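To start, the structure under review is shown below, and the notes come after it.
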Amino acid sequence: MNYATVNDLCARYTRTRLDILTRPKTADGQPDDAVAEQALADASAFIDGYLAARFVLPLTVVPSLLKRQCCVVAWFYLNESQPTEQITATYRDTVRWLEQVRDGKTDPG
């Protein structure tokens, strides 16, 4: 329940690059921050599948580590029209990390 915001995404990737991703998904060709917010919500739902093995949800508080790891997944989601090896690799790293949190090998902060 969301672990990052559109502003967080902008801080990590820039609004320049976010807008480039959301522009082509619309009919009118303008940026659409609601598309990024949906990715962030979807990434948070995905993360909660792993967290729920060990933690009662919703959490208090969100470590800045989960914030980063929500932005990584959301960014992967937002690039699914033109994926890159680098973005895909960051995502797979974060999935492995989530599995480690689920399994008790590491902590979310």
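Residue numbers start at 1 in each chain; chains themselves are named A, B, ... in the order of the structure tokens; ligands are numbered from 1 in the order shown.
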> So which residues touch stretch 52-61 of chain A within 12 Å, counting only C-alpha atoms, skipping near sequence neighbours fewer than 5 positions away, as number ranges by chain?
Replying inline: A: 1-3, 44-47, 66-67, 98-109
Going by DSSP on the backbone, which residues of chain A come out as helix (DSSP H, G or I)? List them as a short mmCIF file (atom, residue, chain, number, x, y, z; two decimals) with C-alpha atoms, in the first residue's frame.
```
data_model
loop_
_atom_site.label_atom_id
_atom_site.label_comp_id
_atom_site.auth_asym_id
_atom_site.auth_seq_id
_atom_site.Cartn_x
_atom_site.Cartn_y
_atom_site.Cartn_z
CA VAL A 6 5.33 9.09 -8.64
CA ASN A 7 7.68 11.73 -7.04
CA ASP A 8 9.93 8.87 -5.82
CA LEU A 9 10.07 7.47 -9.32
CA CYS A 10 10.96 10.91 -10.65
CA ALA A 11 13.71 11.28 -8.08
CA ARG A 12 15.31 8.00 -9.19
CA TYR A 13 14.80 7.97 -12.99
CA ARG A 15 10.52 12.99 -14.87
CA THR A 16 12.17 13.45 -18.29
CA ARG A 17 12.43 9.68 -18.69
CA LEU A 18 9.13 8.86 -16.93
CA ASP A 19 7.23 11.12 -19.34
CA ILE A 20 8.86 9.46 -22.34
CA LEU A 21 7.38 6.15 -21.12
CA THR A 22 3.87 7.37 -20.31
CA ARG A 23 3.45 9.62 -23.49
CA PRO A 24 2.98 6.73 -26.06
CA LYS A 25 0.50 4.80 -23.93
CA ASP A 33 1.14 10.09 -14.26
CA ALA A 34 -1.89 7.82 -13.47
CA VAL A 35 -0.15 5.10 -15.65
CA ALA A 36 2.96 5.40 -13.41
CA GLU A 37 0.81 5.40 -10.27
CA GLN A 38 -0.86 2.15 -11.44
CA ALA A 39 2.56 0.55 -11.94
CA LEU A 40 3.54 1.61 -8.47
CA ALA A 41 0.35 0.13 -6.99
CA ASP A 42 0.84 -3.10 -8.96
CA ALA A 43 4.50 -3.30 -7.80
CA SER A 44 3.35 -2.81 -4.21
CA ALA A 45 0.79 -5.64 -4.56
CA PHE A 46 3.56 -7.82 -5.99
CA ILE A 47 5.92 -6.99 -3.09
CA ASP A 48 3.12 -7.71 -0.57
CA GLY A 49 2.95 -11.34 -1.82
CA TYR A 50 6.40 -11.89 -0.56
CA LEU A 51 6.08 -9.76 2.58
CA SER A 64 13.62 3.35 2.19
CA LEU A 65 14.86 -0.06 0.90
CA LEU A 66 11.22 -1.12 0.03
CA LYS A 67 10.70 2.20 -1.58
CA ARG A 68 13.67 1.60 -3.89
CA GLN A 69 12.60 -1.93 -4.59
CA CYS A 70 9.00 -0.75 -5.52
CA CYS A 71 10.49 1.80 -7.91
CA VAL A 72 12.63 -0.90 -9.54
CA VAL A 73 9.65 -3.17 -10.16
CA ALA A 74 7.44 -0.29 -11.29
CA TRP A 75 10.13 0.85 -13.69
CA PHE A 76 10.34 -2.61 -15.15
CA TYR A 77 6.58 -2.58 -15.59
CA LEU A 78 6.60 0.82 -17.28
CA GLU A 85 18.55 -6.34 -20.56
CA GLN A 86 19.68 -3.89 -17.92
CA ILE A 87 16.14 -3.08 -16.64
CA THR A 88 15.18 -6.75 -16.80
CA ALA A 89 18.26 -7.65 -14.80
CA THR A 90 17.51 -5.09 -12.06
CA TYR A 91 13.98 -6.55 -11.83
CA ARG A 92 15.23 -10.14 -11.60
CA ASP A 93 17.67 -9.05 -8.84
CA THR A 94 14.83 -7.42 -6.93
CA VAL A 95 12.64 -10.57 -7.38
CA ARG A 96 15.46 -12.66 -5.89
CA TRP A 97 15.75 -10.21 -3.05
CA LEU A 98 11.98 -10.45 -2.40
CA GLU A 99 12.27 -14.27 -2.33
CA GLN A 100 15.08 -13.87 0.27
CA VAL A 101 12.87 -11.64 2.39
CA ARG A 102 9.99 -14.14 2.08
#
```
